[PDB]
Amino acid sequence: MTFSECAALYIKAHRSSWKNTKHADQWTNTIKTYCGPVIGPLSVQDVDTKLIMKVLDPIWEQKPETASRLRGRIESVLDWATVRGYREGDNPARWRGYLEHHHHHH
Numbered sequence: 001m002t003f004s005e006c007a008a009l010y011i012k013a014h015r016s017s018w019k020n021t022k023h024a025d026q027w028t029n030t031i032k033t034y035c036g037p038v039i040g041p042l043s044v045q046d047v048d049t050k051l052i053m054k055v056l057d058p059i060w061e062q063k064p065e066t067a068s069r070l071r072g073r074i075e076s077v078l079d080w081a082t083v084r085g086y087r088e089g090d091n092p093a094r095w096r097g098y099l100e101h102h103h104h105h106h
């Protein structure tokens, strides 16, 4: 199972909740484009924090908003994948405190 496959499975398992509308497309398209050439054909179980940070860091420069939004999508997919049994454990995109020291929030 690759990340691209598992992501699509998350989407399918929520298709009923997502119409027919292009929201499901937007999920697929964004992931296929941003995460595709990197962790797409990689196993959803072998997805590591290093791999995710490699993708997001460049994105902060151009589209910090998109990086923030994409991170949330990755969390939701990997969480689902863990429940479904495609990786187990916890998520590398969880983050115990990102943007910490500099901003974070509270």
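For the sequence shown, PDB author numbering gives the first residue as 1, with consecutive numbering after it.
Note that CB positions come from ideal geometry on N, CA and C, so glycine has one too.
Query	Result
Put residue 82 into one of helix, strand or coil per three-state DSSP.	helix
Tell me whether the region 63-80 and the region 23-43 touch, counting them as touching only if at least three CB pairs, one residue from each stretch, are closer than 8 Å.	yes
For residue 71, which option in 2, 98 and 1 has the closest C-alpha, if you only look at C-alpha atoms?	98
Look up residue 21 in the DSSP assignment and say whether it is helix, strand or coil.	coil
Rounding to the nearest angstrom, what Cα-Cα distance links residue 3 and residue 51 in this structure?	12 Å
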